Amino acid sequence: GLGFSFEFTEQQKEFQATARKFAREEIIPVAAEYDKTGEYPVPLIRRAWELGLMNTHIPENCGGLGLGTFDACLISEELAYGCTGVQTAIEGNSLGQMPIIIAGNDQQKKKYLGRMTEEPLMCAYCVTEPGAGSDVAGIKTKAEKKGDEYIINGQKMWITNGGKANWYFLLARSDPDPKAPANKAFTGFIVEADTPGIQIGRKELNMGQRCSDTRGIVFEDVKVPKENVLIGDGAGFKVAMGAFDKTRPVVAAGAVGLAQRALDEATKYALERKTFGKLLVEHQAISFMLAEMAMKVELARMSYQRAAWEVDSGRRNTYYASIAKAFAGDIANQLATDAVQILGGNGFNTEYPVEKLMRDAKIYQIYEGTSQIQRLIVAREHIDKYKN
């Protein structure tokens, strides 16, 4: 290779100024409103689409940019500095896309990727159920083959954009035999959202990220045609499992984005607030906080960068992604609470921007794999280096 390098391609500086411009001029002024009401932020999403900073993984031959993972993270962080409600609605897109990208054929890729190119359509990742989240192999949604079709019966839970999606990627149980290993019991589908059997549930009310819609949805007798399975039967589990490589690093990039905001807000504030004669930053305790916060963001940034480079390069990045996701998530929380703190009573208030960050940050420890789960994956990956 050449040296190590921590310098963006001019093209990437180019993408960065755009996402940062939008995030700073369009998202920021409105984000407190959308968090207050939960209104799904349609004008910004359209604008993000328009501005080219959405559906970025779609390959060129379906009429997208075919951007890389590093580029997607680069952008994510900027939108997430503005708002992660918004950034999460944008991402949900990639997440439903990813299995169509990695595992679909040309007719699928083109019909279903292609359409997001020509309208700001939304799509969704449909996996989690009331009874299984972390334990993917625990999902219970049924798929029975009946002719040239599949019938789907199941409930889904916590689905981002679940109520705004033109279509879903769906994981289901293909084979009834309980004893059937995960590498053979699931099938992956594209399901158009307006198919007869499908009932979106209500907008689900959460602590954080209150402007993306996440919803449960039920499939009663849903009809899904052969041409929409992903590799074939029993392939469902590898197919879902393989999307995370290209996407975990982006959600981590999200966490880093809210983390940076918190630091920024907290730093501006400590620069202007006085107590006992001096500005907050002249009290060592505060200084030191601002310092550790500065460290954590930096390290969390290199971490997700690292993960996106490994995959961009064409290796499997499971280990690096999972450090990124664990570490980014953990520090995002830590920094959110500390930002509230540095702001004192003001931080706990609704008119200042920090409590929101505190509420938004918790999800990074939960979805797209929890902290524990991140840690399982890493230990697994670590321990193999030590066997023959």
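Don't overthink the numbering: it's just position in the shown sequence, from 1.
Undergrad: 24-32 versus 332-340: which one carries the higher mean Cα B factor per the record?
TA: Between 332-340 and 24-32, it is 24-32.
Undergrad: On average, are the C-alpha B-factors higher in 373-381 or in 5-13?
TA: The deposited B-factors put 5-13 ahead on the C-alpha mean.
Undergrad: Pick out which of 254, 208, 236, 130 has the highest C-alpha B-factor in the PDB entry.
TA: When the deposited C-alpha B-factors of 254, 208, 236, 130 are compared, 236 is largest.
Undergrad: Tell me which of 287, 76, 183, 134 tops the list for C-alpha B factor in the record.
TA: Checking the PDB record, the top C-alpha B-factor among 287, 76, 183, 134 is at 183.
Undergrad: Ranking the modelled residues of this chain by C-alpha B-factor as given in the entry, is residue 265 in the lowest, middle or highest third?
TA: Within its chain, residue 265 is a lowest-third residue by C-alpha B-factor, going by the deposited values.
Undergrad: Give the position of residue 62 by CA B-factor within its chain, expressed as the lowest, middle or highest third.
TA: Residue 62: CA B-factor falls in the highest third of its chain.
Undergrad: What third of its chain, lowest, middle or highest, does the C-alpha temperature factor of residue 327 fall into?
TA: According to the entry, residue 327 has a C-alpha B-factor in the chain's lowest third.
Undergrad: Compared with the other modelled residues in the chain, in which third is the CA B-factor of residue 84?
TA: Middle third, going by the recorded CA B-factors of the chain.
Undergrad: Looking at the C-alpha B-factor of residue 345, is it in the lowest, middle or highest third of its chain?
TA: According to the entry, residue 345 has a C-alpha B-factor in the chain's lowest third.
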